[PDB]
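Worksheet: one structure, shown below.
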Amino acid sequence: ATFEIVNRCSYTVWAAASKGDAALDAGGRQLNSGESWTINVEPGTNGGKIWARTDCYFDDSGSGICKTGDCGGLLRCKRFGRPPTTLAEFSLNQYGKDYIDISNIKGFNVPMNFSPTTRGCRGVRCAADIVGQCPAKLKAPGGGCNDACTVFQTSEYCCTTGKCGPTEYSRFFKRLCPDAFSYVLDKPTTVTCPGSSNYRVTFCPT
């Protein structure tokens with residue numbers, strides 16, 4: 001499958017693409033304002049994620065640091081990123097279908113649209129000003145709005161027992177972005193697309 005990743009933000013982001021134990025394609029790249037990066041993701045990929053990182057410094061070896069979404073200090077991510085990260089999530093060719101969603105379960109850093117470029121399903125978006133409106137206790141100093149699990153590390157926020165409810169914090173994310181997951185057991189906002197669809201992830205879509 002092909003994913004076109006487009007930075008419409010007025011600032012540079014460092015895109016990242018991983019399935020948790022391996023890079024997808026190159027794994028990461030700098031995207032200046034307006035730039036597009038096309039990646040190929042193997043059919044059958046389960047548990048893939050794409051995200052943006054902000055305020056990164058990398059040396060000539062591809063080693064460094066980002067203020068949001070850092071993946072062990074590498075430009076080319078092999079592992080998932082440090083919250084807060086708005087997440088585009090996908091599993092491809094699962095019994096003939098692709099499944100896509102946006103998640104705020106690991107917080108929010110950059111607004112995002114995740115849409116198919118081929119026919120047969122709709123896209124999803126979270127483009128509200130979550131950072132501006134972020135509750136004080138969830139504000140990340142480096143930028144972004146943390147989820148409550150990351151901040152407080154309780155069974156209720158992290159849904160550790162497999163039983164948890166919505167919270168004041170999850171409801172904040174849900175109010176601003178209804179079409180994104182706000183906590184682990186949120187009513188699913190997953191979209192079912194035809195197997196082997198292609199996609200575009202747009203940072204700062206509006």
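Each chain in the structure tokens gets a letter, A, B and so on, in the order shown; residues start at 1 in every chain, and ligands are counted from 1 in the order they appear.
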Exercise for the section: Just list the residues in chain A DSSP gives strand (DSSP E or B) on the backbone, as a ChimeraX atom specification. Expected result: /A:2-7,13-18,23-31,36-40,48-54,57-58,63-65,68,74,87-94,97-103,108,112-116,124-126,139,145,180-181,191-194,199-203
Problem - Test item: residues at most 8 Å from segment 72-77 of chain A, only C-alpha atoms, excluding those fewer than 3 positions along its chain, as a list in words - result: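 My reading of the contact set: residues 14, 16, 17, 18, 22, 23, 26, 27, 28, 29, 58, 62, 63, 64, 65, 66, 80 and 81 of chain A.
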Dump of N, CA, C and O atoms for the selected residues, as a PDB file, in the first residue's frame:
```pdb
ATOM      1  N   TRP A  14       8.884  16.158  11.701  1.00  0.00           N
ATOM      2  CA  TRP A  14       9.644  14.974  11.347  1.00  0.00           C
ATOM      3  C   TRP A  14       8.675  13.801  11.405  1.00  0.00           C
ATOM      4  O   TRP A  14       8.296  13.327  12.489  1.00  0.00           O
ATOM      5  N   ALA A  16       7.156  10.026  11.145  1.00  0.00           N
ATOM      6  CA  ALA A  16       7.623   8.738  11.626  1.00  0.00           C
ATOM      7  C   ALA A  16       6.600   7.687  11.218  1.00  0.00           C
ATOM      8  O   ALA A  16       5.388   7.972  11.149  1.00  0.00           O
ATOM      9  N   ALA A  17       7.097   6.493  10.917  1.00  0.00           N
ATOM     10  CA  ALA A  17       6.241   5.378  10.514  1.00  0.00           C
ATOM     11  C   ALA A  17       6.871   4.090  11.039  1.00  0.00           C
ATOM     12  O   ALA A  17       8.016   3.767  10.714  1.00  0.00           O
ATOM     13  N   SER A  18       6.122   3.348  11.840  1.00  0.00           N
ATOM     14  CA  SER A  18       6.640   2.155  12.519  1.00  0.00           C
ATOM     15  C   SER A  18       5.525   1.163  12.773  1.00  0.00           C
ATOM     16  O   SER A  18       4.368   1.563  12.869  1.00  0.00           O
ATOM     17  N   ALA A  22       9.764  -2.520  14.183  1.00  0.00           N
ATOM     18  CA  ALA A  22      10.421  -2.303  12.910  1.00  0.00           C
ATOM     19  C   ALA A  22       9.938  -1.007  12.292  1.00  0.00           C
ATOM     20  O   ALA A  22       8.787  -0.591  12.501  1.00  0.00           O
ATOM     21  N   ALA A  23      10.821  -0.392  11.507  1.00  0.00           N
ATOM     22  CA  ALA A  23      10.431   0.743  10.678  1.00  0.00           C
ATOM     23  C   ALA A  23       9.458   0.292   9.594  1.00  0.00           C
ATOM     24  O   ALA A  23       9.532  -0.834   9.123  1.00  0.00           O
ATOM     25  N   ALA A  26      11.461   3.875   5.256  1.00  0.00           N
ATOM     26  CA  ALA A  26      12.618   4.459   5.902  1.00  0.00           C
ATOM     27  C   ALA A  26      12.429   4.740   7.384  1.00  0.00           C
ATOM     28  O   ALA A  26      13.400   4.898   8.096  1.00  0.00           O
ATOM     29  N   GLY A  27      11.194   4.820   7.851  1.00  0.00           N
ATOM     30  CA  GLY A  27      10.921   5.017   9.276  1.00  0.00           C
ATOM     31  C   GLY A  27      10.764   6.452   9.722  1.00  0.00           C
ATOM     32  O   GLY A  27      10.114   6.721  10.717  1.00  0.00           O
ATOM     33  N   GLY A  28      11.389   7.383   9.021  1.00  0.00           N
ATOM     34  CA  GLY A  28      11.208   8.782   9.371  1.00  0.00           C
ATOM     35  C   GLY A  28      11.896   9.686   8.400  1.00  0.00           C
ATOM     36  O   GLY A  28      12.796   9.236   7.690  1.00  0.00           O
ATOM     37  N   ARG A  29      11.414  10.931   8.342  1.00  0.00           N
ATOM     38  CA  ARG A  29      11.975  11.928   7.470  1.00  0.00           C
ATOM     39  C   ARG A  29      11.550  13.304   7.903  1.00  0.00           C
ATOM     40  O   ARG A  29      10.446  13.494   8.418  1.00  0.00           O
ATOM     41  N   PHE A  58      18.865  16.572  14.908  1.00  0.00           N
ATOM     42  CA  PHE A  58      19.560  15.349  14.565  1.00  0.00           C
ATOM     43  C   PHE A  58      20.929  15.705  14.018  1.00  0.00           C
ATOM     44  O   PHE A  58      21.076  16.689  13.293  1.00  0.00           O
ATOM     45  N   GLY A  62      22.008  10.693  12.140  1.00  0.00           N
ATOM     46  CA  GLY A  62      20.565  10.458  12.293  1.00  0.00           C
ATOM     47  C   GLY A  62      20.148  10.211  13.739  1.00  0.00           C
ATOM     48  O   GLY A  62      19.132   9.569  13.991  1.00  0.00           O
ATOM     49  N   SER A  63      20.956  10.730  14.666  1.00  0.00           N
ATOM     50  CA  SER A  63      20.772  10.544  16.096  1.00  0.00           C
ATOM     51  C   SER A  63      20.518  11.911  16.724  1.00  0.00           C
ATOM     52  O   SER A  63      21.172  12.891  16.362  1.00  0.00           O
ATOM     53  N   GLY A  64      19.583  11.980  17.663  1.00  0.00           N
ATOM     54  CA  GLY A  64      19.254  13.239  18.274  1.00  0.00           C
ATOM     55  C   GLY A  64      18.097  13.194  19.247  1.00  0.00           C
ATOM     56  O   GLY A  64      18.000  12.268  20.031  1.00  0.00           O
ATOM     57  N   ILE A  65      17.233  14.212  19.190  1.00  0.00           N
ATOM     58  CA  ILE A  65      16.117  14.336  20.112  1.00  0.00           C
ATOM     59  C   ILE A  65      15.003  15.178  19.506  1.00  0.00           C
ATOM     60  O   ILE A  65      15.277  16.080  18.740  1.00  0.00           O
ATOM     61  N   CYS A  66      13.756  14.834  19.844  1.00  0.00           N
ATOM     62  CA  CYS A  66      12.574  15.627  19.511  1.00  0.00           C
ATOM     63  C   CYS A  66      11.797  15.915  20.784  1.00  0.00           C
ATOM     64  O   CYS A  66      11.814  15.115  21.730  1.00  0.00           O
ATOM     65  N   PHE A  80       7.865   2.837  18.508  1.00  0.00           N
ATOM     66  CA  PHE A  80       6.904   3.936  18.662  1.00  0.00           C
ATOM     67  C   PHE A  80       7.463   5.117  19.456  1.00  0.00           C
ATOM     68  O   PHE A  80       8.450   5.001  20.195  1.00  0.00           O
ATOM     69  N   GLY A  81       6.797   6.250  19.302  1.00  0.00           N
ATOM     70  CA  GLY A  81       7.257   7.509  19.853  1.00  0.00           C
ATOM     71  C   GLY A  81       6.736   7.826  21.235  1.00  0.00           C
ATOM     72  O   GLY A  81       5.693   7.350  21.639  1.00  0.00           O
TER      73      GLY A  81
END
```
Would you list the contacts of residue 102 of chain A as a PDB file with N, CA and C atoms, in the first residue's frame, taking every protein, DNA or RNA residue within 7 Å and counting only C-alpha atoms, but skipping same-chain residues closer than 2 positions in sequence?
```
ATOM      1  N   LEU A  87      -2.044   9.953  16.695  1.00  0.00           N
ATOM      2  CA  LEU A  87      -1.685   8.749  15.957  1.00  0.00           C
ATOM      3  C   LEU A  87      -2.639   8.406  14.836  1.00  0.00           C
ATOM      4  N   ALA A  88      -2.071   8.150  13.658  1.00  0.00           N
ATOM      5  CA  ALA A  88      -2.778   7.496  12.562  1.00  0.00           C
ATOM      6  C   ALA A  88      -2.447   6.009  12.679  1.00  0.00           C
ATOM      7  N   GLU A  89      -3.463   5.160  12.830  1.00  0.00           N
ATOM      8  CA  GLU A  89      -3.255   3.739  13.090  1.00  0.00           C
ATOM      9  C   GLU A  89      -3.919   2.917  11.998  1.00  0.00           C
ATOM     10  N   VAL A 124     -11.012  10.154   8.363  1.00  0.00           N
ATOM     11  CA  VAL A 124     -11.222  10.656   9.721  1.00  0.00           C
ATOM     12  C   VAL A 124     -10.246  11.798   9.987  1.00  0.00           C
ATOM     13  N   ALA A 180     -11.942  10.496  16.959  1.00  0.00           N
ATOM     14  CA  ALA A 180     -10.698   9.849  17.420  1.00  0.00           C
ATOM     15  C   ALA A 180     -10.928   9.097  18.719  1.00  0.00           C
ATOM     16  N   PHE A 181     -10.200   8.004  18.907  1.00  0.00           N
ATOM     17  CA  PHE A 181     -10.246   7.285  20.192  1.00  0.00           C
ATOM     18  C   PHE A 181      -9.758   8.192  21.321  1.00  0.00           C
TER      19      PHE A 181
END
```
Problem - Close residues, residue 183 of chain A itself excluded, 8 Å, only C-alpha atoms, min 3 positions apart in chain, as a ChimeraX atom specification - result: /A:104-105,157,166,170,186
Next, write the just-selected residues to a file, as an mmCIF file, in the first residue's frame, keeping N, CA, C and O atoms as the atom set.
```cif
data_model
loop_
_atom_site.group_PDB
_atom_site.id
_atom_site.type_symbol
_atom_site.label_atom_id
_atom_site.label_comp_id
_atom_site.auth_asym_id
_atom_site.auth_seq_id
_atom_site.Cartn_x
_atom_site.Cartn_y
_atom_site.Cartn_z
ATOM 1 N N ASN A 104 -6.179 9.555 20.080
ATOM 2 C CA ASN A 104 -5.637 10.446 21.094
ATOM 3 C C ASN A 104 -5.329 9.709 22.399
ATOM 4 O O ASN A 104 -5.125 10.353 23.429
ATOM 5 N N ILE A 105 -5.221 8.384 22.352
ATOM 6 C CA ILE A 105 -4.957 7.594 23.561
ATOM 7 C C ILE A 105 -3.568 7.891 24.137
ATOM 8 O O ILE A 105 -3.349 7.763 25.345
ATOM 9 N N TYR A 157 -7.138 5.297 34.223
ATOM 10 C CA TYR A 157 -6.784 6.012 32.997
ATOM 11 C C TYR A 157 -6.135 5.093 31.959
ATOM 12 O O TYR A 157 -6.305 5.309 30.760
ATOM 13 N N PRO A 166 -15.047 6.232 30.765
ATOM 14 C CA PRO A 166 -14.595 7.551 30.394
ATOM 15 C C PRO A 166 -14.304 8.382 31.639
ATOM 16 O O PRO A 166 -14.849 8.115 32.713
ATOM 17 N N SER A 170 -10.598 12.103 29.395
ATOM 18 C CA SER A 170 -10.922 11.516 28.097
ATOM 19 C C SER A 170 -12.031 12.293 27.408
ATOM 20 O O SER A 170 -12.002 12.479 26.175
ATOM 21 N N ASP A 186 -13.050 3.256 24.451
ATOM 22 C CA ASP A 186 -13.962 4.156 23.797
ATOM 23 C C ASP A 186 -14.734 3.372 22.726
ATOM 24 O O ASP A 186 -14.216 2.400 22.175
#
```
Counting only C-alpha atoms, what are the residues of segment 53-104 of chain A within 8 Å of segment 139-144 of chain A, and for each of them which pair of atoms is the nearest and at what distance in Å, to one decimal? Sort the table by chain and rising number, as a tab-separated table.
```
residue	atom	partner	partner_atom	distance
A:67	CA	A:142	CA	5.2
A:68	CA	A:142	CA	6.8
A:84	CA	A:144	CA	5.9
A:85	CA	A:144	CA	7.8
```
Got time to write the residues from that selection, C-alpha atoms, as a JSON list (two decimals), in the first residue's frame?
```json
[["chain", "number", "residue", "atom", "x", "y", "z"],
["A", 67, "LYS", "CA", 10.26, 17.40, 21.98],
["A", 68, "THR", "CA", 7.21, 15.34, 20.99],
["A", 84, "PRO", "CA", 2.19, 13.24, 23.31],
["A", 85, "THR", "CA", 1.53, 12.00, 19.76]]
```
Exercise for the section: Rounded to one decimal place, report the atom CA of residue 118 of chain A-atom CA of residue 13 of chain A distance in Å. Expected result: 25.7 Å
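With only C-alpha atoms as the atoms that count, the minimum distance from residue 91 of chain A to the choices A:50, A:126, A:138, A:158 is reached by A:50.
The environment of residue 8 of chain A within 6 Å, counting only C-alpha atoms and disregarding residues fewer than 6 places along the same chain, consists of residues 33, 34, 203 and 204 of chain A.
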Those same residues - N, CA and C atoms - I'd like them written as a PDB file, in the first residue's frame.
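Final file, part.pdb:
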```
ATOM      1  N   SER A  33       7.435  22.657   5.606  1.00  0.00           N
ATOM      2  CA  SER A  33       6.085  23.103   5.290  1.00  0.00           C
ATOM      3  C   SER A  33       5.774  22.920   3.803  1.00  0.00           C
ATOM      4  N   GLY A  34       4.758  22.118   3.505  1.00  0.00           N
ATOM      5  CA  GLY A  34       4.312  21.835   2.154  1.00  0.00           C
ATOM      6  C   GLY A  34       4.847  20.565   1.532  1.00  0.00           C
ATOM      7  N   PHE A 203      -0.803  16.422   7.911  1.00  0.00           N
ATOM      8  CA  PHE A 203      -0.621  17.176   9.148  1.00  0.00           C
ATOM      9  C   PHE A 203      -1.118  18.592   8.946  1.00  0.00           C
ATOM     10  N   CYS A 204      -1.802  19.163   9.951  1.00  0.00           N
ATOM     11  CA  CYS A 204      -2.445  20.479   9.855  1.00  0.00           C
ATOM     12  C   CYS A 204      -3.356  20.651   8.651  1.00  0.00           C
TER      13      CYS A 204
END
```
Practice task
Can you work out which one of A:165, A:32, A:172, A:156 has the shortest atom-to-atom distance to residue 136 of chain A, counting only C-alpha atoms?
Solution key: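 Distance minimum relative to residue 136 of chain A lands on A:172.
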Practice task
Considering only C-alpha atoms, return as a ChimeraX atom specification whatever protein or nucleic-acid residues lie within 7 Å of residue 86 of chain A, sequence-local ones (same chain, fewer than 6 positions apart) excluded.
Solution key: /A:51,103-104,106-110
